[PDB]
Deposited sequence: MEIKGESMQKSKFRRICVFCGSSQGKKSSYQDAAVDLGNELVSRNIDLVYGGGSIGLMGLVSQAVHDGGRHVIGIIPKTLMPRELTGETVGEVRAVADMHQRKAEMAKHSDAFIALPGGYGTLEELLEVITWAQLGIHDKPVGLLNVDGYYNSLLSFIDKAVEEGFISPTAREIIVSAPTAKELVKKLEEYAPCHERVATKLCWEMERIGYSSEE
């Protein structure tokens, strides 16, 4: 009955699978959730870890997947671009919102960049965390500390949309 306001969502996520099967479930559920909403996927190009799970899910479901990789390291369209900065820029340019699954330093750096850009008014695209089994709880508490100490405004804290499942998170992103 309602049309999603997103054509494409950019998903940042671990190149590792993680220790808990809940992580892998969440990556598949996110893929299936995008498919159910007629949203295509933009991602950083893995076939391994959670990156491989969300992309394969979206592909299997019949939607299009765009993976964007630096031209050095070599389902769906593969785009190889000059460098890591051009990769992030292209991922951002072609997406209408951003979702982070659990992941390591790389996922976190990508997520913090798009949040900062929203804070600076560079873009207005929704940014959400798929907070499976409280993976991001200490990150969220760190942001609370930053709000309490006056380094982040209560409004800028609200840039991060968070939910424990894909269905809930995508609902919150539509707004």
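Numbering the deposited sequence from 1, which residue ranges have no coordinates here? Missing from the model are residues 1 to 7, 82 to 89, 191 to 215.
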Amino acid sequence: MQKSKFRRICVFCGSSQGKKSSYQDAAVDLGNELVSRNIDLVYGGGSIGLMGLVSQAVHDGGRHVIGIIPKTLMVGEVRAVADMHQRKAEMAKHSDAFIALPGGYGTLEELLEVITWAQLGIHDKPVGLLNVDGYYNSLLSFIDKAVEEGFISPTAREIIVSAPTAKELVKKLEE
From here on, numbers count along this sequence of modelled residues.
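Quick check: 61 to 69 versus 143 to 151, which has the larger average CA B-factor in the record? Higher mean C-alpha B-factor: 61 to 69.
If you average the Cα B factors in the entry, which is higher, 83 to 91 or 101 to 109? Taking the mean B-factor of the alpha carbons in each, 83 to 91 is higher.
Specify which of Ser138, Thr116, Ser36, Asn131 carries the largest Cα B factor in the deposited PDB entry. The listed residue with the largest C-alpha B-factor is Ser36.
Considering only modelled residues of the same chain, in which third does the CA B-factor of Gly46 rank: lowest, middle or highest? Within its chain, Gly46 is a highest-third residue by C-alpha B-factor, going by the deposited values.
Can you work out whether the C-alpha temperature factor of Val127 puts it in the lowest, middle or highest third of the chain? CA B-factor rank for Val127: lowest third.
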